Every structure is written in C-alpha cells, then in structure tokens.
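**Student:** Build me a model from this:
(3 chains, ligands or ions: 4)
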Amino acid sequence: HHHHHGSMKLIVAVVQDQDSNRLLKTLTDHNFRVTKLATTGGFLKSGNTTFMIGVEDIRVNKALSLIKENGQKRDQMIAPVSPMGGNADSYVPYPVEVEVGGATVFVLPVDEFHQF
Amino acid sequence: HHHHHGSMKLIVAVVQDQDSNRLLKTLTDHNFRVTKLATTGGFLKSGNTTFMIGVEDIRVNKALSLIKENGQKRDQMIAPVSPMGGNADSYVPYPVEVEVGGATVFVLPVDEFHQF
Amino acid sequence: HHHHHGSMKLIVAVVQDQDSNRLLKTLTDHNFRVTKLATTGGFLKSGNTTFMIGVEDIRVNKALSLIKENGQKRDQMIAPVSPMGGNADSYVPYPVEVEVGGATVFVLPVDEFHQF
Ligand SMILES: Nc1ncnc2c1ncn2[C@@H]1O[C@@H]2COP(=O)(O)O[C@H]3[C@@H](O)[C@H](n4cnc5c(N)ncnc54)O[C@@H]3COP(=O)(O)O[C@H]2[C@H]1O
Ligand SMILES: Nc1ncnc2c1ncn2[C@@H]1O[C@@H]2COP(=O)(O)O[C@H]3[C@@H](O)[C@H](n4cnc5c(N)ncnc54)O[C@@H]3COP(=O)(O)O[C@H]2[C@H]1O
Ligand SMILES: Nc1ncnc2c1ncn2[C@@H]1O[C@@H]2COP(=O)(O)O[C@H]3[C@@H](O)[C@H](n4cnc5c(N)ncnc54)O[C@@H]3COP(=O)(O)O[C@H]2[C@H]1O
Ligand code: NI
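**Tutor:** Residues are numbered from 1 along each chain as shown, chains lettered A, B, ... in the order given. Ligands and ions are numbered 1, 2, ... in the order given. The protein structure is shown below:
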C-alpha cells in the first residue's frame, strides 16, 4: 500500500542557552514561527533550550542555515558527586570535559497541520 | 523500497494558557491521554502550553475537533525593550499587536508505540 | 510518488519522576544521547518527565529495552476539587486511583538529522 506526508516539517533543535536569544531573534526576524521548550541536557544535567519550528518544506533549508550559522561550540564539565559539594569545588583533577555543539537538529515529517 | 508507519499518531498542539485547563478537561473527559509541556511563544516571549496527545489514527479526527472547538483568538502585544521598563509602561504609541489563534497543531506519524 | 525517511529515529518516552534519574544514568552510561523535558501528566495534573532520545535505527531496540526494564508501575490518585483543601485531605472515601505505567513511548521517523 501507499502513503504520503504533508508539506510541513517540524524542526526540533536543541541549542545552548548562551545562543538561544540570538537564534530566536534571527528566526522570528526571518518570519519563522517558534515555540521554545526549557529542557535539560541528559549528560551535563544542566539547562538548555529546545526550539520547535514548524516550517513549510520549501523553507526548511533556510531555517536550517540560520540555525547552523547561529551557534558556537563550548566546553562544559560534568558536575562531580555532590554530597560534599563544599570540596567538589575544590576538586576534580581530571575534569570530565565535553564539547557542546551549536545545535542538534531533527527534521520530522508531519501528516497534518492545522491552525484553529 | 517500501515503508509504513504505525497506527498511532502524535498530536502536538500549541494553545494559549487561558484555554489550557478547558482543553485538558475536555480531552481527558473524552478518554484522550495527554502530556502537557510548559512552553514559551517565540514571538511574544510569553508562556503558553503545548499538549502532546498520542492517539490511535481512528480517533485523531475527534481529538482535532475538540481542540478546534476549544480555543479563542486573543490579541497580545510584543513587550518593548525593557532596560528602562518604568516608562515602557508609559510608552508604546503604536503597540505591535498580534492575534494569537486557538491552536497550532501538528499531527505526526509514529513508527512504534510502546506501553512498558 | 515515492518517499523515504532517514536512518535516525526520535524516541519520546514519558516516565515517572521516581524512575527518571535511574533511566537517565542507564541511558547515558550506554552512550545514548538524551534531552529531558519537565512535563505534567494530563490526568493526574502532576509532574512527570519526558525523555527525547535521538537514536540511530540500529540502536533503537537497545534503547527501548533499557527503557522497558527501568520503570515500575505505581498507584496514584486524582486530586479532589481544591477550593476547601484543608478537608479534601480529610476526604475522598472512594479515591479515584490510577495505575501509572513504567513508560509510554513513541518512536518517530526523522527526515533529516543535523549536528551543527
Ligand atoms: N552519553 C554520552 N556519553 C558521552 N558524551 C555525551 C553523552 N551524551 C552527551 N554527551 C556529550 O555531552 C555534551 C552535552 O550533552 P547533554 O546531554 O548535556 O546535552 C545534549 C542533549 O540535550 C542534546 N542532544 C544531542 N544529541 C541528542 C540526541 N541524539 N538525542 C537527544 N538529545 C540530543 O543536545 C545537547 C548537546 O549535545 P552535543 O552532542 O552537542 O554535546 C554533548 C556531547 O558532547
Ligand atoms: N509554525 C509554528 N511552529 C512552532 N510554533 C508555532 C508555529 N505557529 C505557531 N506556533 C506557536 O503557537 C503560538 C501562537 O501562534 P499564532 O500563529 O496563533 O500567533 C502568532 C502570530 O499571530 C504572531 N507571530 C509569531 N511569529 C511571528 C513572526 N515571526 N512574525 C510575525 N508574527 C509572528 O504572533 C502570535 C504569537 O506567536 P508566538 O510565537 O508568541 O506563539 C506561537 C508559537 O508558540
Ligand atoms: N497516549 C498518550 N499520549 C500522551 N501522553 C500519554 C499517553 N499515554 C500516557 N501518557 C503520559 O504518560 C503518563 C502515564 O500514563 P499511563 O497510561 O501509564 O497512566 C495513566 C492512566 O493509568 C490514567 N489516565 C490517563 N488519562 C486518562 C484518562 N483520560 N481517563 C482515564 N485514565 C487516564 O492515569 C495515569 C496517569 O496519566 P497522566 O495523564 O497523569 O500521565 C500520563 C501522560 O503524561
Ligand atoms: Ni513515510
């Protein structure tokens, strides 16, 4: 049998808080419609921002190019086991550092789009 | 080659806070299952509510009709540049007004649905 | 006409807060990448946790098996009408109890995946 999807895509982009306001302004200035979700990174257990951007298929590439050009790689660290916290500040000799990328982006197919 | 999707759909509906409790009650009263996300509108930079509703394909239209009948258009304004806020109250001669719709809704295909 | 989707899937898993930290540790220990959303159950009107896990199709089953083995069924109750709250504590003779499952999981197709 046979199926298709609609003309809209749903972009889900996880970005760093430090890059969020910058991205949001660029997107809405370019007439993109955005919903923002306050999220937490699973590895760093720290706040980040997820943007949900429903876009016509013909504008997906422009949205992606704005997201790509917006962000910056940053180094962050995993928070040590915190029962003693007043010394964990003092510690970590070999910080578990990770590089956080500008954006992790999913472009999802959409069966139906409605504005009610 | 050939693929299909499952019988479930994932409805993602962005609604106004003022209409949220009303919608939620209607949905769960009609045996729909709902997860609520506290979100922010990208343009107004204000709180709104996103409902995630996983629905059998055969009940999608009923869910959509409840969402459609629930909401109301409302006017809102963009908050002016706030460094001086004590006068921004005083200002805005030509308020940038927008009309917020009852619901923006995405119906997503789902490859697998599991209840563990 | 003809379409396909990409090799990535987006897993959306709604779990209980009591099982969240346990699941997160297991997932990231197994090299899965996770974004966490603080959500609310529509029926219980209480906090729960939604994990968004973008996974290569070839690792989906492993992710699902970790999610499945992680959770536990728990009983919860619907909060009574609260205008008098100081007696609603006193009340509810026939508590509306529900069984909350370990995880409700959607595996979504993904058209494009980008790391910028
Ligand atoms: N299990 C693991 N083992 C070793 N290293 C790990 C790891 N999980 C994450 N990392 C590393 O830690 C950085 C921050 O991850 P976090 O989970 O806090 O924050 C993530 C998460 O919120 C989200 N993310 C990335 N990939 C994802 C995916 N496939 N599915 C869901 N969320 C993803 O984007 C944020 C930034 O990710 P990015 O890859 O740029 O950067 C990641 C990566 O460098
Ligand atoms: N395609 C999409 N993808 C993701 N989320 C979507 C979306 N379309 C709508 N939304 C979400 O629904 C809320 C209401 O959108 P609506 O289009 O009814 O009402 C909008 C519309 O009248 C206007 N608007 C939004 N973005 C605009 C823009 N970039 N330029 C001009 N007007 C915009 O401002 C109102 C409030 O927008 P806000 O962003 O605060 O809040 C939006 C946003 O959270
Ligand atoms: N199809 C779906 N789409 C979106 N989210 C879904 C979903 N199925 C489950 N969920 C999410 O998973 C949580 C646990 O659902 P579960 O079905 O295990 O456990 C449920 C179920 O036993 C019952 N329940 C939920 N909605 C009901 C309803 N409308 N009528 C009767 N019972 C309901 O109450 C328990 C807690 O529900 P709550 O809404 O607080 O919390 C739900 C909701 O956040
Ligand atoms: Ni398809």
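**Student:** Secondary structure element holding the residue nearest in space to the middle of chain A?
**Tutor:** By CA atoms, centre = their mean, chain A has its centre lying nearest to residue A:14, at 1.2 Å. Under the criterion of DSSP states H and E, residue A:14 resides in strand A:8-15.
**Student:** ok, the residue of chain A found nearest chain C - how many residues close by?
**Tutor:** Per CB to the nearest CB, residue A:42 is where chain A lies closest to chain C, at 2.9 Å. For every residue, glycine as well, the C-beta is placed using N, CA and C. Counted with other CB atoms under 10 Å in any protein chain shown, the neighbours of residue A:42 add up to 20.
**Student:** who does the strand ranked longest in chain A pair up with?
**Tutor:** If you go by DSSP state E, chain A has its longest strand at strand A:47-56. Each strand paired with strand A:47-56, and its direction, by DSSP bridges: strand A:8-15 (antiparallel), strand A:35-41 (antiparallel).
**Student:** Would you point to the one among those that's packed deepest?
**Tutor:** Of all the strands paired with strand A:47-56, strand A:8-15 has the most neighbours on average by mean count of other CB atoms under 10 Å in any protein chain shown, namely a mean of 23.
**Student:** And the next helix or strand past it?
**Tutor:** helix A:17-29.
**Student:** give me every residue that touches the residue of chain A closest to chain C.
**Tutor:** Shown in contact with residue A:42 (CB atoms under 8 Å, 6 or more residues apart in numbering or on different chains): C:24, C:27-28, C:32-36, C:51.
**Student:** Ramachandran coordinates for the nearest residue to it once chain neighbours are set aside?
**Tutor:** Excluding the flanking residues, the one nearest residue A:42 by CB to CB, 6 or more residues apart in numbering or on different chains is residue C:34, at 2.9 Å. Here is the backbone geometry of residue C:34 (degrees, to the nearest 10): phi -140, psi 140.
**Student:** Find the nearest non-adjacent residue to whichever residue of chain A sits closest to ligand 3, please.
**Tutor:** Distances between chain A and ligand 3 by CB to the nearest ligand atom are smallest at residue A:37, namely 15.3 Å. Leaving aside its sequence neighbours, residue A:37 sits nearest to residue A:50 (CB to CB, 6+ apart; 4.2 Å).
**Student:** burial of residue A:115, as a residue count?
**Tutor:** What residue A:115 shows, counting by other CB under 10 Å, is a neighbour count of 10.
**Student:** Now do the residue of chain A closest to chain C against residue A:11, distance only.
**Tutor:** 20 Å (CB to CB, to the nearest Å).
**Student:** How about residue A:96?
**Tutor:** Taking CB to CB, one finds residue A:96 at 31 Å from residue A:11.
**Student:** cool, and residue A:37?
**Tutor:** Taken as CB to CB, the span from residue A:37 to residue A:11 is 13 Å.
**Student:** which neighbours do these two share?
**Tutor:** A:51-52.
**Student:** How about the residues of chain A by chain C?
**Tutor:** A:4-5, A:9, A:12, A:14, A:37-43, A:48, A:50, A:60, A:64, A:67-68, A:71, A:101-109 (CB under 8 Å from any CB of the partner chain).
**Student:** I figured residue A:45 hits residue A:77, correct?
**Tutor:** No: Residue A:45 lies out of contact with residue A:77 (CB atoms under 8 Å); the separation is 11.1 Å.
**Student:** near ligand 1, which residues of chain A?
**Tutor:** A:14, A:41-44, A:48, A:98-101, A:104 (CB under 6 Å from any ligand atom).
**Student:** Pick out the most distant pair among the residues you listed.
**Tutor:** Greatest spacing in the residues of chain A next to ligand 1, by CB to CB: A:42 and A:99 (15.6 Å).
**Student:** count of neighbours near the residue nearest to residue A:42?
**Tutor:** The local packing of residue C:34 (other CB under 10 Å) involves 21 other residues.
**Student:** what sits against it?
**Tutor:** Residue C:34 makes contact with A:41-43, C:24, C:27-28, C:51-53 under the criterion CB under 8 Å, 6+ apart.
**Student:** and if you look at residue A:94?
**Tutor:** Counting by CB under 8 Å, 6+ apart, there are no residues that residue A:94 touches.
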